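**Student:** Chains as they are written, first to last, in the deposited numbering: chain A, 886 to 934; chain H, 1 to 76.
All C-beta atoms in this analysis are idealised placements derived from N, C-alpha and C, irrespective of residue type, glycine included.
There's a structure below that I have some questions on.
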C-alpha cells in the first residue's frame, strides 16, 4: 500500500518467418558432350529428319 | 596474322578440347584472314590466266586485278 505503482507498456512481435525454405526439388540431367578429342562412334541414331 | 586459337587436340580419347566450342575460335581463324587482307587481295598471281580467253570486258572492279591475256586474240 506504500508504493507508487505506475503502468507502462511493452510489445513483442514474435515474427515467425523461416517457414518454408523447403529446397523444393533439385534436378540434374546428364550430357553426352562434344570435345575435339571425340573419336570412333559406335553406329549412330537419329541425327536428322 | 598469328593471333588465333589452337582449337584443341586428339590425344587418345582424352578430354580437354572445347569439343565443338571452337567455332567461336574457328570463326576467328577464318575471321582473321578473310578480313586480314579482307577488303583487298593479291591481284598479280591470280590476275594472269583468264584473259587468254575472249576480249570481253572482264570486270576486275573494286578489288584485285584480273586479266593479263598471256596469249593472243585481241587482249581485252
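In terms of residue numbering, what span does the alpha helix (DSSP H) encompassing residue 33 (chain H) cover?
**Tutor:** The residue labelled residue 33 (chain H) in the question sits at position 33 within the second chain. Per DSSP, residue 33 (chain H) belongs to the alpha helix (DSSP H) from 23–36.
**Student:** Could you give the DSSP three-state label for residue 52 (chain H): helix, strand or coil?
**Tutor:** Numbered from its first residue, the second chain carries residue 52 (chain H) at position 52. Looking at residue 52 (chain H) - three-state DSSP - the assignment turns out to be helix.
**Student:** At a CB-CB cut-off below 9 angstroms, which residues of chain H make contact with residue 922 (chain A)?
**Tutor:** As a first step, residue 922 (chain A) must be located in the first chain, where it is residue number 37. Identification of chain H residues near residue 922 (chain A) by a Cβ-Cβ cut-off of 9 angstroms yields 8, 9, 10, 11, 12, 13, 14, 15, 16, 17 and 19, ordered along the chain.
**Student:** Chain A partners of residue 22 (chain H), CB-CB under 7 angstroms?
**Tutor:** Working through the second chain from its first residue, we reach residue 22 (chain H) at position 22. Correct list: 921.
**Student:** Counting beta carbon pairs with one atom in the stretch 32–48 of chain H and one in the stretch 57–72 of chain H, are three or more of them shorter than 8 angstroms?
**Tutor:** yes
**Student:** How many Å lie between residue 8 (chain H) and residue 47 (chain H) at the Cα?
**Tutor:** For this step, residue 8 (chain H) is matched to residue 8 along the second chain. For this step, residue 47 (chain H) is matched to residue 47 along the second chain. C-alpha separation (whole angstroms): 37 angstroms.
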